[PDB]
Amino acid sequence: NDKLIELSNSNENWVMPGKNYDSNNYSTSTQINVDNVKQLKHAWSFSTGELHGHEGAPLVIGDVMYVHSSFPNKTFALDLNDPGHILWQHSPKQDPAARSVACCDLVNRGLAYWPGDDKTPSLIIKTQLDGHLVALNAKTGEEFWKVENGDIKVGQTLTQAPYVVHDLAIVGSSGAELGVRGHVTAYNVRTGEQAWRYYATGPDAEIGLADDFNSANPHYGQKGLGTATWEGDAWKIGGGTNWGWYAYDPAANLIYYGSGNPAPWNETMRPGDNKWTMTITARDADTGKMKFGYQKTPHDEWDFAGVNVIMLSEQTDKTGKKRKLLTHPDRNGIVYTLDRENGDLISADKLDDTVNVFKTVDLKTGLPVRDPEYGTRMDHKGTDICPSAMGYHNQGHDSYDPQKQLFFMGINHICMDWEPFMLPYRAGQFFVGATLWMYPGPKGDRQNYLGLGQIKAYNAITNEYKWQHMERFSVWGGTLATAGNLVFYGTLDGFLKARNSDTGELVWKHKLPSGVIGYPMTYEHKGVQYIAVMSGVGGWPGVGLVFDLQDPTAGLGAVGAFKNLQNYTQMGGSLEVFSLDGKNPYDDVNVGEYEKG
């Protein structure tokens, strides 16, 4: 969408999830920077009226800010000139039984935006936990359309942000933990009509392979594999849902995302590579044909759901070839870089040396070399497996600074023990089949259950980490890089922190209400740069806190790993805004006064 491209070029706007089609969470704004960051103060806040994890991050289109809450997925439009006045609100009614099929908290990752024409209003595109993709008139909040795109009776739901490319709204899928076979659809934002829909497993036609799928890298695999790497029909309830983030190349016309883990979690119940799951995927935005596809985790054994963020850049590789690239830090412990035009695998670096499920990732063959001692199988309990199922990286949307060519990654440091069990499939029930125990990895405090995050700056080409700091909890919410030489990220213990992005030095932090699992974002309104982030702990790490569980193996194993998080935060739900000196419209005391005199 060229209009989106152009509005993304303005610092007064943040118009899509991940800010731009590069999905790089970078602002060229310098007004806030290493030299005055100690002057950053609170400007205003807005509570959503909901508890549970609050993921993603608002949108800003000129004078309007749009925020989104946990279930039931309220949308609100706030007036930046008086952010206490709510321009409008959308409050869906959903069946509350949707709650019961959400694996990992009532979260939602955010809104997208379609800039209108003269025939048609601009539209805010949102998902609902109960499966619907809804389009709202972006000035009034009235329903424009609502399509069904997930039935909770067959275990399905929606937690990702959707995405606008051209006059298309693209929507993903949730429920691999309930046997859902991953699907991605594009609907036409003017008509509400389905334009294409494709699957992550089964016959090629249903997956949507392009005739020349993987032609530049045929050792990756080509025809017939979404059925050949299964036994019988086990692909039908096979997982591969895509509930993470998108990116888009306007010139190649390609959207990139990763597909999730295969089902069930019990690897013994599905011999085979389980292809198209765990796959880095490039599809023609408009026909949805799959150009290329790289399976990072063949025959997943760990729930390494392949859905993580994808950051686009242009760099010179190690041989001198100037390349167009994607970079992609995975649950499985491996951060990948591919040429985004052909699939050529360029780098595959451990996110931390403690990773042990693989010895290495052979670049020529593109295979991960498996350490059989850290795999999983029936009648065995695997111990000290790193990463755990929560991954050394989860759904946090990271940033990349194209000036420094550095990626800023919020990492998890969580290992695990793991034993599967046989279970039947019943549509609309859980279809997991394993019992996990999770704890901090080797470089954290394994006895006292602290030390589950890291934050690191990384160059995709030289393969080096310029700096690394351990963090008390997993850095789960992603990060934000700016030209003021600062990177910003929220912590699960409730700080917004700013480190010097050249050195990793910690230079500022502030106690928000609740832990953070959304990424901070930035925009300039009347010559003032503001930094905003969602507060409200939850998501997978919050499940023990949020549902009052104590069984360490509950919440799919996250309960034991995070038993301590609740000593540092409770539930919340709000947007917190910051700026130099707390400058904000209420600096004029009469803004929003009934008396005004």
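Don't overthink the numbering: it's just position in the shown sequence, from 1.
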{"property": "Average Cα temperature factor in the PDB entry - higher stretch of 86-94, 208-216", "result": "208-216"}
{"property": "Between the two ranges 320-328 and 444-452, the one averaging a larger CA B factor in the entry", "result": "320-328"}
{"property": "Top Cα B factor in the deposited entry, candidates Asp398, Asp117, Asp493, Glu148", "result": "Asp117"}
{"property": "Out of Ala77, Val101, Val475, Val361, residue topping the C-alpha B-factor column of the entry", "result": "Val361"}
{"property": "Relative C-alpha B-factor of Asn13, binned into the chain's lowest, middle or highest third", "result": "middle"}
{"property": "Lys289 CA temperature factor, ranked by third within the chain", "result": "middle"}
{"property": "Within-chain third of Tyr66 by Cα B-factor, per the entry", "result": "middle"}
{"property": "Chain-relative CA temperature factor third for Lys38", "result": "highest"}
{"property": "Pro585 - which third its CA temperature factor falls in, relative to the rest of the chain", "result": "middle"}
